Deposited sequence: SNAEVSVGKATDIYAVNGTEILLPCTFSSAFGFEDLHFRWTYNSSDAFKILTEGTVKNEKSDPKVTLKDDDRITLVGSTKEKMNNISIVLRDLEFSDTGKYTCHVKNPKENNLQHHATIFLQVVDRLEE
């Protein structure tokens, strides 16, 4: 379900994205987006060759983003050095073209807090 997470300005936060497949996959694609009322950003995208391959990133548009590393079902991201402006809606999308399947994980609302 649409989930809220709170993080303090200047710290880092892990935004999770967990995918399992019943019988594996080939050529998975993923995308993380950010939404506010006045901006949309594609944060990072990449591919996963199969269920025992590591994700490969093909787009990163903020150097404060890293993919967590392993558990071969993980396209979670860590966003470091949080700013006021990072508050908003983060969504992980996973596409399985061979199965014409597209999974939108529940949007995460990140609230960056001072006090």
List in ascending order the stretches of the deposited sequence, numbered from 1, that lack C-alpha coordinates.
1 to 8, 79 to 81, 127 to 129
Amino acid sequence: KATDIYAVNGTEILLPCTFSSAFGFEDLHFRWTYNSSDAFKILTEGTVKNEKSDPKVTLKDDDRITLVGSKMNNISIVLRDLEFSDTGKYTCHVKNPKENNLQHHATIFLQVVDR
From here on, numbers count along this sequence of modelled residues.
Segment of higher mean CA temperature factor, 106 to 114 or 1 to 9
1 to 9
Could you check which stretch, 31 to 39 or 85 to 93, carries the larger mean CA temperature factor in the entry?
31 to 39
What third of its chain, lowest, middle or highest, does the C-alpha temperature factor of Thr66 fall into?
middle
Considering only modelled residues of the same chain, in which third does the CA B-factor of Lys60 rank: lowest, middle or highest?
lowest
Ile75's Cα B-factor: lowest, middle or highest third of the chain?
lowest
